[PDB]
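Student: Quick one: structure below, then a few questions.
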Amino acid sequence: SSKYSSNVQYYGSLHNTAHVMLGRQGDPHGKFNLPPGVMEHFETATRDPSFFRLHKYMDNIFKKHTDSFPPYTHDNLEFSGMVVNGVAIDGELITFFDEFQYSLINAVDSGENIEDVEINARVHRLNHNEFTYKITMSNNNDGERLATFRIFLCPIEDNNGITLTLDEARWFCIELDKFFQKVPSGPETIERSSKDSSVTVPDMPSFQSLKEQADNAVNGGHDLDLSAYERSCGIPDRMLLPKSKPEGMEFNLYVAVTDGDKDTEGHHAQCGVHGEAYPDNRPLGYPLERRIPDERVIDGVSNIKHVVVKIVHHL
Amino acid sequence: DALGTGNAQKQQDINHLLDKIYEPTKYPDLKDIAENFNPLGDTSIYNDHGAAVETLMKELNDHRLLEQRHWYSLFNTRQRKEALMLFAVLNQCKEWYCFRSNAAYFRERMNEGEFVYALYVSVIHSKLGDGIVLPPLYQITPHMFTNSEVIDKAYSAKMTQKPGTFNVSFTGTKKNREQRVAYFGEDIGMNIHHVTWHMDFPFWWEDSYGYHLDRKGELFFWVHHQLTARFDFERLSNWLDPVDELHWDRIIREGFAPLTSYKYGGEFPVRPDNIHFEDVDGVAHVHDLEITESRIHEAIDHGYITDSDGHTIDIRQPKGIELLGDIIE
Ligand SMILES: *[C@H]1O[C@H](CO)[C@@H](O[C@@H]2O[C@H](CO)[C@@H](O)[C@H](O)[C@H]2NC(C)=O)[C@H](O)[C@H]1NC(C)=O
């Protein structure tokens, strides 16, 4: 419930109340006067497990609506002319555990004339290895068409072992990349990087380090062009792929390529932080956002292809 | 017989006896015996002067014994008593002439399970059954060991007289449970041992039957600790966690549907999952267990088991664990 609500006096605010409501579960009449809790804050909610129990519930309130549409037609997904020939991963899907260090200084009080001792915290975070997409593919059209390269990584079996369905699994898939490129009039072979993903963001510069740097261009004339960081909406590059098992799991990779001219049929525009119209017009999760009752179909549009990949975890 | 022994005789006799068991025998000697014999005319074959025979007749007479083609559990205090009367005749035979006679005479008018059950225990414990190997339960009475589907497939084979082997399944919705560690419980081998183990050392044995089984007591302690470990390991290998101990005050969290059927009897009932234990009429009260479990648990805790007189019999010593098993199973 944000202010674009049409009736806030009636529909209230499920989500946000649901954050305060899960937080004082520690003290609802407030007999102890404990402070607010991990869920009543954004830099800390993902910590508490009910955080994801609470968004699973918001999550299928949306799917309820999401699913009421009629499924898509053949004629629906087809971007006639284009066809994915093949999909390949140039490298290895390997994820491991790196090490990071951020600084504990603003945390301890130092008053004055007392001097600063550099204290640091070291954490353990996930990582993967750069890899490249080699998407081989022919534009049968007469000539050069704009393209939306959409890439989802959906799962395959259950954890019961079961092996779900692109209906059972269409919803579970996470987006790995979305980009716009022009396609030549004939068999190109587009290759693209772990590193250029559109949903990702690099780790950011240190506090200090941006002090060092700020300072140096003050006594020096002028610049700071580190535009690299004035928005950064995405998730951590480290989190690009999932962790998986050390034995390895085979995920399913979906590259569906839709038609750029109608997509951007009108217009960063990634983090539209300042008013900037989001550029893709397809709805979001396209085209996996709709019930897909007979796979029979996703399967026979030339511009959708799925290939299996396999990720491995280094201990 | 050879108006006796052999073993490829004793043996033959047995195979004839447990052949098509849900139907009157087809081996003619088994039948004139079946007809002609009188377990009561030469009490001499009998080391009891035939008090055992004389007791079964009495019941077969007032026809107060369980009917044929009906089911049977060894947990029924009467069915058991009837099955075990057959064991006491077959038991006091001086030779094959008395065994074949009786398991022929009886086979033909006592129920099948009492019968299957008596013939086996008797063969296992009685003096007279050395040479023999018993056929595997799984093939003599397949309904206790094969599925419900294969059973129906076999019924059709038969209706139509076209043969063949069917491949059996595994229980629930594999990839949905812990019918993932099924291969273990459902094996015809373990099921065989489980039954044998308790035919070798039965809970009902009295030392009047002839000898004393030695440490059934620890032997009970141990055999089950083994299946419980052996089981706990298989659940390790399946990403499953060691098993919950059951309590009477809690829900039976994990229920199953067995999909198995009796031959005469109906399908095995099923159990719904997250159920509350009910007091079962006829058997015993749920609390009846809860107190039993405390009387138990106080003998362990005290250091002594107390008998009927109020004698305290000490158990903090090596025979310990066997007097505990005699009170616990
Ligand atoms: C039951 O599983 C068995 C495995 O023993 C299958 O029997 C096989 O029949 C197939 C026909 O596809 C042969 O290729 C194999 O040689 C068979 N083996 C015996 C290794 O017969 C059987 O297919 C299963 N089903 C019936 C759906 O019997």
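Indices start at 1 and increase along the chain as displayed.
Just so you know, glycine gets a Cβ as well, placed from its N, Cα and C.
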Student: Which of A:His55, A:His65 shares the Cu cation B site with A:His15, A:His19 per Swiss-Prot?
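Tutor: The one candidate that Swiss-Prot places in that Cu cation B site: A:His55.
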Student: Based on the record in Swiss-Prot, give the one of A:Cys154, A:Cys233 in a disulfide bond with A:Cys173.
Tutor: A:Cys154
Student: For the recorded Cu cation B site formed by A:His15, A:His19, A:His55, which further same-chain residues have Cβ atoms within 8 Å of the site's Cβ center?
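Tutor: Result: A:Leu14, A:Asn16, A:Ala18, A:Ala45, A:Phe51, A:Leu54, A:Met58.
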Student: Roughly how many Å lie between the Cα atoms of A:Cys233 (disulfide bond) and A:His15 (Cu cation B binding site), rounded to a whole value?
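Tutor: Between the Cα atoms of A:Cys233 (disulfide bond) and A:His15 (Cu cation B binding site), the distance comes to 21 Å.
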Student: Please report the Cα separation of A:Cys271 (disulfide bond) and A:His15 (Cu cation B binding site) in Å, rounded to an integer.
Tutor: 22
Student: How far is it from A:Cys173 (disulfide bond) to A:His15 (Cu cation B binding site), counting Cα to Cα, in Å?
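Tutor: Cα-Cα distance, A:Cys173 (disulfide bond) to A:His15 (Cu cation B binding site): 23 Å.
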Student: Quick one: give me the count of other CB atoms within 10 A of the CB of A:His15 (Cu cation B binding site).
Tutor: 14
Student: Sequence gap of 6 or more, C-beta under 8 Å: which same-chain residues meet both conditions with respect to A:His19 (Cu cation B binding site)?
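Tutor: Spatial neighbours, sequence-distant, of A:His19 (Cu cation B binding site): A:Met39, A:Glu40, A:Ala45, A:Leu54.
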Student: Fill in the CA-CA distance, A:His15 (Cu cation B binding site) to A:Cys154 (disulfide bond), as an integer in Å.
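Tutor: Taking the Cα atoms only, A:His15 (Cu cation B binding site) lies 27 Å from A:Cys154 (disulfide bond).
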